[PDB]
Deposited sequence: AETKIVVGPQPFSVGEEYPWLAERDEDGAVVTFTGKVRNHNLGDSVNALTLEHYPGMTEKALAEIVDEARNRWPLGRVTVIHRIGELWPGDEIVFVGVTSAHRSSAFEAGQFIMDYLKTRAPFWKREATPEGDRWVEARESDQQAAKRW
């Protein structure tokens, strides 16, 4: 039941993260999610003392709700561009139903609880990306 949580500018590669995630036999169901930047550069400002820690509290909760094997969560910071991978979530379990659900849960809580703020470098200047009502409705259904 180990957990990997990393917050940093470094790109990740799903091919490097994956074999560690999928390695235990008893974890027969592996779900990954990757989220990319949606032409303008984005900067993710964050709260450093809290990002790894909130991500760890979210997995702790997921682990009380579902029986999970290895879990990985990677979130980047800094300047990124559309098509760059920003977040990786990897979850394992004995059955597909808990792996998909924990995956979904981890993202919905990440998007409303983890201290990151996107800003967009437009022709008119930086612009804070707006927070969505649909992410709040996604989080509250859990």
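Against the full deposited sequence, the model leaves out just one stretch, namely 39 to 45.
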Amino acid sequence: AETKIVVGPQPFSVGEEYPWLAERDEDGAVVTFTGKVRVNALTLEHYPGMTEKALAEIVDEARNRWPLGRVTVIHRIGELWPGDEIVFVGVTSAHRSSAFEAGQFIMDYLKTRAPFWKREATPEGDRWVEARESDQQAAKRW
From here on, numbers count along this sequence of modelled residues.
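Between two forms, the rigid core is defined as the largest C-alpha subset superposing within 1.5 Å.
Taking the rigid core as the alignment reference, the C-alpha atoms of 40 to 48 lie farther on average from the displayed form in 4 other deposited structures of this protein than those of the other stretch among 102 to 110 and 40 to 48.
In the PDB entry, residue 96 places in the lowest third of its chain by CA B-factor.
Split the chain's modelled residues into thirds by C-alpha temperature factor. Residue 79 is in the highest one.
Annotation for residue 32: CA B-factor lies in the lowest third of the chain's modelled residues. In the deposited entry, the Cα temperature factor of residue 26 places it in the highest third of its chain's modelled residues. Sort the modelled residues of the chain by CA B factor and residue 64 lands in the lowest third.
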